[PDB]
Structures are given as structure tokens and as C-alpha cells.
Chemist: 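To start, I am sharing the structure in question, which I have written as C-alpha cells.
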Amino acid sequence: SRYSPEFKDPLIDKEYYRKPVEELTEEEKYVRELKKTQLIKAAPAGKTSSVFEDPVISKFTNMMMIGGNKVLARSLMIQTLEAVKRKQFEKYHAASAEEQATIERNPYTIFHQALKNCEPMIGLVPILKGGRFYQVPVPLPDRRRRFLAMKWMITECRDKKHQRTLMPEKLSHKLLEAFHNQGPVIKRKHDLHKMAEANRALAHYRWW
Amino acid sequence: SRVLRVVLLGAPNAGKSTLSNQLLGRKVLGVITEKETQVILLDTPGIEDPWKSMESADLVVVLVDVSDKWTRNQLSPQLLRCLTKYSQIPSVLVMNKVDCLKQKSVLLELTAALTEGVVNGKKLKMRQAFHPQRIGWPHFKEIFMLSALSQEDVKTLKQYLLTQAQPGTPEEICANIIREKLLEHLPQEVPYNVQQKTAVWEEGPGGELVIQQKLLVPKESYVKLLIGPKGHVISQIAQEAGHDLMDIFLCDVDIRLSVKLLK
């Protein structure tokens, strides 16, 4: 690393600095006074104080890049968002009066709910002894299941069975399927939840 | 109202009484009442009483002391006979004293040995790198790994037992507390040779409970061990005992212990 150990990661949150000094508790006030003596790393290219910033979509875009091509990955992400938006507008226009109240048209809400519907709660962690890597059920951390939802969505969309259908079109279709609790990613979550129910012998090993 | 009868079976020093005390919440048949569930713990001696207790068992808790290298690898033949005759009753495995293990991965192998690779009617499918007297029991419904002394994971067993519920004198207390302290502090057979006789049991002028107990022993060496260096041991015992009594009777207790030789 080119940064010395004393350098600290920056805090890009903008409303954080606008809190009145009155609200600040003694601990938060001490933290703020401490921050003045430290060196702060340069903010990396990426996150910004923008109001449209979305860390989940940023992480999904980073997980889609191939070979450092961020422009293409962001282009694909925005194309997918626009495709979801246009599909929802088409479905809203053609719907009758009482079905227009239950049709979501915000693509960010759909993306977040689709990824949430695919998160697994429990997974299997192998453990080594005797030459047998013992598969014990484990409650997945939040970060782990968040990563797994995104990875399953991307791997599902990268399948070679989908011939010449462009990535934004596949991804919007999969996202709208997962929004309604349907599709192969939801089944991949279910086939892990049942296959971890099939191995509840070693369900109490709490020291993975 | 839901009811469960749980029979605890295991080796003599498997900690059955320890788990019963921790699960009851007091160091005491036991009854646990929580909301609409009642659990009746039947603590049996280690291996007629176990069989008679298991006659009325809704669930069986089979203990294995994993720290004991001699018996951790197999169930006792008498125990295996006992489950076989009562195969209809559900059974659960409890691996106790996990804290004493250097290498926790050991329990993995022991599970395969103790459950014969089968639990709750399910199989274990485990590949490897590259590539008669029964020893275990294949009809365990569940497996728990816990330590009785440290209360580690005991709560999980408590909740499991609760969920498994199906449709359906003061002087003695003082003597028991003193005996507990004697057992904890004294070595070898000494605490088993101490006879307790109450000298004074009254209410003092300030409302406290004045207690004077006489500890009678047959040997002078037992007297020396009881008194300890400079009277420390006995004093500690008394002090600790008093504290427990102060909680039991919800009143101030002035407890005085005296040691005398049995003539």
C-alpha cells in the first residue's frame, strides 16, 4: 500500500457535516475533534456526495465489469434501468384503473426488491478434518448474502443458453421476474435452503 | 397447556445433574414451567432406575462426555440395549464438556461415530480427498454440542425441549448449601465424611437469621483440612454459604461454622 497506516478512509456523507453542534453527543464530538488530527485518504473515483448515488447499484456495476471496462458496465447498468422503467410504463398504460395502484414504476425500487428477494439466509461452509471436508450449515452474514444475490443474478444473465439477447434485455427480464418472486434465481435460493435443510445433522456447529 | 417428559441418561460423570441444574435455573425430578409449556426432567443414575424412568419418557437425552477419551468414541452396551428396547421414544444426543477440548473439529468425527452416520432419518453424503456390537445409534432426532459448566448453548437445548412439547425445611436447605460448599472446597472423600448438626437457629435482635452449625468429622486430618491455613477455608465456606442463604431466605443471615471431632 502507498498509504501509511495513519491515513484514514474519508467520509463522503454530506449531511453528516451539517448536523448542528448542539445535537452532537460527547462521544460524537470527541470523534469529530479527533478527525482533525488525522490524515485522510484521497476520495477514490466512484462514490460522490450526489443525491442520486446508490452504493448497491455501484457494487452491481463493479461486479459486472470485465477487464476494467467501467464505461461499458455503467452503460449496461443504465440501459437495464431504462428498460425496466419502459417495461413498467408499458404495463401501467395497458392496465385497468384498479391495477394501476399496484404497478411499480421506480426502477431503483424494483432493483432493490429483486435483489432482496434473492438473498439466502443460510448456507453451507466446508470444514476440514480427517480428509473429509465437512459441510456444516451456517447462517450467512448480511454482506455474504448480499454478495450472493448479485452473483447469482449476474451468473444467471451470463448463461450461454441466451443466444444473441443483449445483456440489458436479459437483466431487466430477470430483475422483473425476481421482483415477483419468480425465475431461476429464486429457485437457486430455494434449492440452497432445502439442500441445507437436508443436512441438519451438523446444524449446531457454531465455530466455523 | 403442553407437556413433555424428558429422561436424562448418560455415563456417571457425564454431567446429567449439572445440565439439570442449569436448565432448571437452580442447583437442586424437576419441573420447568414457561408460558404454556411444562417440561419434567427425570435425572437418572448413570449406568433399574434408568429403565423405570424411561418407561414414562416422552423424550430421551443421551449424554456423552467428549473430554473422556475412553468413552467418547462409543455408547455403552447397556445404553444401546436401553434405546433399542425403547426405540419408539424420540432420542436426542448431547455432547457435553466441549470446553475441555483442545481441537473442536474432533466432535465432527465423533458425530459420525455416535450417530452411525444417520440422524432424523437423513443420510450424510461426504466424499474425500483423491478417491456385531453396535457403537452408535442411528435414530437420533437432533444433536447438540454444549458445556454444562459454562452454560454454553444450554439455552438452545432449553428452547428445543420447549418446542418439542406435545399435547397434554429451611434447615435442610442450609445443610445442602453447606454441603455444596464443602464439596466445592474440600478434596477427595473429605466432604462425604462431614456430618452436620445445627447448634443455633434463631431470629436475632435485628431481624437477621442467626445460624450456628457444627461440622463433625471422624479424623483430625479432616479437621485440619476443614479449618485450612489460618482458618481461611472454613471462613470462605461460611461466607459463601451465608451469601446463598441471604438470597434464599431474602433476609440477613449470620452463619457461624464450628468444626469438632467425632468422639
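Chain identifiers are assigned alphabetically (A, B, ...) following the order of the sequence lines, protein sequences preceding nucleic acid strands; residue numbering begins at 1 within each chain.
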Chemist: Excluding sequence neighbours, so at least two apart, what forms side chain to side chain donor-acceptor pair (under 3.5 Å) with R132(A)?
Modeler: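 Checked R132(A) against side chain to side chain donor-acceptor pair (under 3.5 Å); matches are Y134(A).
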Chemist: Answer yes or no: are there more than 12 heavy-atom neighbours, outside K19(A) itself, under 6.0 Å from its atom NZ?
Modeler: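 Count over threshold, so yes.
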Chemist: Are there over 12 heavy-atom neighbours, none belonging to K41(A), within less than 6.0 Å of that residue's NZ?
Modeler: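 Atom NZ in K41(A) is crowded, with more than 12 foreign heavy atoms closer than 6.0 Å.
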Chemist: If you count every heavy atom of other residues, nucleotides or ligands that lies below 6.0 Å from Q88(B) atom CD, does the total exceed 12?
Modeler: yes
Chemist: Is there a donor-acceptor pair closer than 3.5 Å between any side-chain N or O of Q159(B) and the backbone N or O of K155(B)?
Modeler: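 The answer is yes, because a donor-acceptor pair under 3.5 Å joins these two groups.
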Chemist: Just how far is it from atom OG1 of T156(B) to atom CG of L161(B), taken to the nearest 0.5 Å?
Modeler: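 Reported value, rounded in 0.5 Å steps: 11.0 Å.
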Chemist: Can you confirm whether more than 12 heavy atoms, excluding those of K59(A), are under 6.0 Å from its NZ atom?
Modeler: no
Chemist: Of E82(A), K87(A), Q88(A), which meets side-chain contact (heavy atoms from CB on, under 4.5 Å) against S172(A)?
Modeler: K87(A)
Chemist: Given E33(A) and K29(A), is the salt bridge (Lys or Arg N to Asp or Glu O under 4.0 Å) satisfied, shown in steps?
Modeler: CA-CA 6 Å; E33(A) 275 319 303; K29(A) 192 168 187 178; over 6 Å; no
Chemist: Any donor-acceptor pair under 3.5 Å linking the side-chain atoms of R74(A) with those of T61(A)?
Modeler: no
Chemist: Keeping the roles fixed (side chain from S4(A), backbone from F7(A)), state whether a donor-acceptor pair exists under 3.5 Å.
Modeler: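 Flag not set: sc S4(A) to bb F7(A) has no pair under 3.5 Å.
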Chemist: What heavy-atom pair brings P45(B) and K16(B) nearest, and what distance separates the two atoms?
Modeler: C-CE, 4.2 Å
Chemist: Within the distance-only criterion (no hydrogens, no angle test), does the side chain of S1(A) pair as donor or acceptor with the backbone N or O of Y3(A) below 3.5 angstrom?
Modeler: yes
Chemist: Kindly indicate whether a cation-pi arrangement holds for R127(B) with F133(A), taking the cut-offs as under 6.0 Å to the six-membered ring centre and within 45° of the axis.
Modeler: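 Not satisfied by the 6.0 Å and 45° rule.
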Chemist: Spell out, as yes or no, whether a donor-acceptor pair under 3.5 Å connects the side chain of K189(A) to the backbone of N117(A).
Modeler: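 Yes, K189(A) side chain to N117(A) backbone: donor-acceptor pair under 3.5 Å.
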Chemist: Ignoring hydrogens and angles, tell me if any N or O in the side chain of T102(A) forms a donor-acceptor pair with the backbone of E99(A) under 3.5 Å.
Modeler: no
Chemist: Once you measure the plane-to-plane angle for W207(A) and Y205(A), does it fall in the parallel (<30°), tilted (30-60°) or perpendicular (>60°) bin?
Modeler: perpendicular
Chemist: Mind listing the closest non-hydrogen atom pair of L114(B) and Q74(B) along with its distance?
Modeler: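 Scanning both residues, the minimum pair turns out to be CD1-C, 4.2 Å.
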Chemist: Between SG of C118(A) and CZ of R145(A), what distance do you get to the nearest 0.5 Å?
Modeler: 13.5 Å
Chemist: Which word best sums up how the rings of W137(B) and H139(B) line up, parallel for under 30°, tilted for 30 to 60°, or perpendicular for over 60°?
Modeler: perpendicular
Chemist: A43(A) and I12(A): which non-hydrogen atoms are nearest, and at how many Å?
Modeler: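 Shortest heavy-atom contact: CB-CD1, 3.9 Å.
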Chemist: Are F60(A) and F111(A) an aromatic pair, judged by ring center distance below 6.0 Å?
Modeler: yes
Chemist: Between the main-chain N or O of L59(B) and the side-chain N or O of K141(B), is there a donor-acceptor pair closer than 3.5 Å?
Modeler: no
Chemist: We want to know whether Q79(A) and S75(A) form a side-chain donor-acceptor pair, criterion being a heavy-atom distance below 3.5 angstrom.
Modeler: yes
Chemist: With sequence neighbours excluded, what pairs up with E53(A) under the salt bridge (charged side-chain N to carboxylate O under 4.0 Å, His left out) test?
Modeler: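 Checked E53(A) against salt bridge (charged side-chain N to carboxylate O under 4.0 Å, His left out); zero matches.
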Chemist: Determine, for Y160(B) and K158(B), whether the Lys NZ or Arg CZ falls below 6.0 Å from the six-membered ring centre while staying within 45 degrees of the axis.
Modeler: no
Chemist: Rounded to the nearest 0.5 Å, what separation is found between the OG1 atom of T37(B) and the CD atom of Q166(B)?
Modeler: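 Reported to 0.5 Å precision, the distance equals 10.5 Å.
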Chemist: List the steps and the verdict of side chain to side chain contact (heavy atoms under 4.5 Å, CB included) for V6(B) and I40(B).
Modeler: CA-CA 6 Å; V6(B) 184; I40(B) 300 161; over 6 Å; no
Chemist: Rounded to the nearest 0.5 Å, what's the gap from CG on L41(B) to CG on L23(B)? Could you check?
Modeler: 5.0 Å
Chemist: Give a yes or no answer on whether the side chain of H193(A) reaches the backbone of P120(A) with a donor-acceptor pair at less than 3.5 Å.
Modeler: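 Flag not set: sc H193(A) to bb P120(A) has no pair under 3.5 Å.
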Chemist: Taking atom types as modelled, is there a side-chain donor on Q182(A) or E177(A) under 3.5 Å from an acceptor on the other?
Modeler: no
Chemist: So, taking the atom named CG in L4(B) and the one named CG in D58(B), what distance separates them when rounded to the nearest 0.5 Å?
Modeler: 5.5 Å
Chemist: Starting at CD1 of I103(A), measure out to CD of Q100(A) and round the result to the nearest 0.5 Å.
Modeler: 6.5 Å
Chemist: Distance-only check: which donor-acceptor pairs under 3.5 Å involve side-chain atoms of residues 96-109 of chain B, not counting sequence neighbours?
Modeler:
{"unit_1": "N96(B)", "atom_1": "OD1", "unit_2": "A148(B)", "atom_2": "N", "d": "2.8"}
{"unit_1": "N96(B)", "atom_1": "ND2", "unit_2": "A14(B)", "atom_2": "O", "d": "2.8"}
{"unit_1": "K97(B)", "atom_1": "NZ", "unit_2": "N13(B)", "atom_2": "O", "d": "2.8"}
{"unit_1": "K97(B)", "atom_1": "NZ", "unit_2": "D65(B)", "atom_2": "OD2", "d": "2.5"}
{"unit_1": "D99(B)", "atom_1": "OD1", "unit_2": "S147(B)", "atom_2": "OG", "d": "2.2"}
{"unit_1": "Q103(B)", "atom_1": "NE2", "unit_2": "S105(B)", "atom_2": "OG", "d": "3.0"}
{"unit_1": "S105(B)", "atom_1": "OG", "unit_2": "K129(A)", "atom_2": "NZ", "d": "3.4"}

Chemist: Given 3.5 Å as the limit, does a donor-acceptor pair link the side chain of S53(B) with the main chain of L42(B), or not?
Modeler: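 Judged by distance alone, no pair lies under 3.5 Å.
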